[PDB]
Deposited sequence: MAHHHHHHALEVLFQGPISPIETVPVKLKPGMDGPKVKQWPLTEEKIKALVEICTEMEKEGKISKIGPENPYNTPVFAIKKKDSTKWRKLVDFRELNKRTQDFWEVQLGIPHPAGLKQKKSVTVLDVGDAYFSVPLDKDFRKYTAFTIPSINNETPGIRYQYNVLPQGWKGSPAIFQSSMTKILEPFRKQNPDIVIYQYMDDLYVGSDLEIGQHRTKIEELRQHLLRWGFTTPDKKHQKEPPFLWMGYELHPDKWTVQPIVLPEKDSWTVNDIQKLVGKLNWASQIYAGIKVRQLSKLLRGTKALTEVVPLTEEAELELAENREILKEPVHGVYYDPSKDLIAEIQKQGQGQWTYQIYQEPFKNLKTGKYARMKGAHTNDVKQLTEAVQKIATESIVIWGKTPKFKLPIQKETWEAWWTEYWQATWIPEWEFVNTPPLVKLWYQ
């Protein structure tokens, strides 16, 4: 087959990211995986004259107890030419986020049948480490379209369209969306019925080469004001400061007469009664915060941003936006392991869940602002990652000015 000519964006060089340490289990898995792919010509052993590198690690699901190799091509994807500019990219269907159930299938293996522009392969180098540095690193570069590279779905585009062509007309009410190495496929059947059609697709795919999502249970959680009969100065101070922040989001919110109530240098535990003029103010502000904000629409040409806050006892609130204070979506994630002991595992799971919802809804992941120290996140996150994609993220230390979302 002919290679598609691919290029890095003007004035950019390939990734030069160091490999991080990996456990024994993952090194062994990466070597058995890479030894075979070398044998099948999918990758070639290289040396140090290739100046590029990208971290590699491995993930194992508990519904799929085999190791899956994962190359963190985030830096390479950033520096790769856009394929929307070349009109090879994938359009997102607005229909998926409505469906009863959405299953995710890893079709990254399909990319291994199409060669990569030989002049671009050097940018795909990665290095397997060794326990106790018994040996130098062993380096490989791809010869095929790599899993995790954003150009692979774009180049395989018109091929995937042919593979799914029959399944699509035979099932016109199922919607398929390809994102990276994944197929997001949703329908409105009974779970049993739906699953069945999935195995059909699987076996059709299998001829050539996790768990059910449910979009309609992704309830938005809004900004709710407490309900009390007696209000202390402090209770009102928190309420005023909470509605004051919200005035940057919502419109026509007032503190004129709740702020009046704090008149004087009062003790924080003193119970101030509530005027009609201020009781009107609150119940007015309550409704404004009940049903969502008018004037916020998705822009596909801007980045998606996600902010997460730890609320304790297993709860995590999150907001997705493009312009600050114009949230496309607010939510609240909740844990699942039966011990409620591990914050980093919960945050890692929350990030995958939020990112999955963005793919389902908008077709791309957000850039995460993670409420965690960089070095704590990097010490543990790979142990809980289960997705074939990895979103962008940055690390924030923002104390809760108010418990806005709780």
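Comparing the deposited sequence with the modelled residues shows gaps at 1-20, 230-246, 444, with numbering starting at 1.
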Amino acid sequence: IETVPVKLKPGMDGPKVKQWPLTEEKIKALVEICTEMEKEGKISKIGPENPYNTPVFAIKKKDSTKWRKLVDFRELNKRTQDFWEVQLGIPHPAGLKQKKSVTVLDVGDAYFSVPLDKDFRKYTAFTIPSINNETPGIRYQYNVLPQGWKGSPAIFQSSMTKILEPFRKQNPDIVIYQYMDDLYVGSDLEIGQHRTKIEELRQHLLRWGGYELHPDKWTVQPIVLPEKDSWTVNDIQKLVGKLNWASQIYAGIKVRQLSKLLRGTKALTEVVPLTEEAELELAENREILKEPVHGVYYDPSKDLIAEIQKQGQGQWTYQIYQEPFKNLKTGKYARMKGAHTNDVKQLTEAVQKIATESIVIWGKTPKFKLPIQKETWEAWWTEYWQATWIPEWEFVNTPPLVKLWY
From here on, numbers count along this sequence of modelled residues.
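C-alpha atoms forming the largest set that superposes within 1.5 Å between two forms make up the rigid core.
The rigid core fit leaves 210-218 as the farther-lying stretch in 9 other deposited structures of this protein, judged by Cα positions and set against 210-218 and 69-77. Each structure in 9 other deposited structures of this protein is fitted to the shown form on the rigid core, and of 321-329 and 190-198 the C-alphas lie farther away on average for 190-198. When the C-alpha B-factors of 84-92 and 153-161 are averaged, 84-92 comes out higher.
Taking the mean C-alpha B-factor of each stretch as recorded, 284-292 and 138-146 are not equal, and the higher mean is that of 284-292. Out of 41, 51, 371, 338, the entry records its largest CA B-factor for 338. The entry assigns its greatest Cα B factor, within the set 279, 307, 303, 106, to 279.
When the modelled residues of the chain are ordered by their C-alpha B factor, residue 72 lands in the lowest third. Looking at the C-alpha B-factors along this chain, the one for residue 231 belongs to the highest third. Sort the modelled residues of the chain by CA B factor and residue 35 lands in the middle third.
In the PDB entry, residue 167 places in the highest third of its chain by CA B-factor. Annotation for residue 367: CA B-factor lies in the lowest third of the chain's modelled residues.
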